[PDB]
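Engineer: only the shape, not the letters, is given here:
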């Protein structure tokens, strides 16, 4: 497998998607754990308009990342 040899943001395909997918899942978990309060099994914790934003933030950024991951293989995203 490659990616590590190239280490230029992105280059390979299929592997990077899985890697990022796992990274996103882990990130989401870390985010869920990263609870905020004051100043500036579980699954669905009682919250008004925060959990959605927390989940959305990484999603909005991850979405393009995935596209870029796949696009990089073509030549450029």
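Structural biologist: In hand now; what should we look at? Numbering: from 1, shown residues only.
Engineer: tell me what the biggest helix by length in the chain is packed against?
Structural biologist: Of all segments of type helix in the chain, defined using DSSP state H, the longest is helix 51-74. In terms of contacts (3 or more C-beta pairs under 8 Å, 6 or more residues apart in numbering; DSSP states H and E), helix 51-74 is packed against helix 15-33. Backbone N, C-alpha and C define where each C-beta goes, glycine included.
Engineer: circling back: the longest helix of the chain to helix 15-33, inter-axis angle?
Structural biologist: 170 degrees (axes from the mean of the first three to the mean of the last three C-alpha atoms, to 10 degrees).
Engineer: please compute how far helix 51-74 lies from its chain's middle.
Structural biologist: Distance of helix 51-74 from the chain centroid (C-alpha atoms, centre = their mean, to the nearest Å) equals 6 Å.
Engineer: list the buried residues of it.
Structural biologist: By neighbour count on 16 or more other C-beta atoms under 10 Å, the buried set for helix 51-74 is 54, 58, 62, 65, 69, 72.
Engineer: cheers, nothing more for now.
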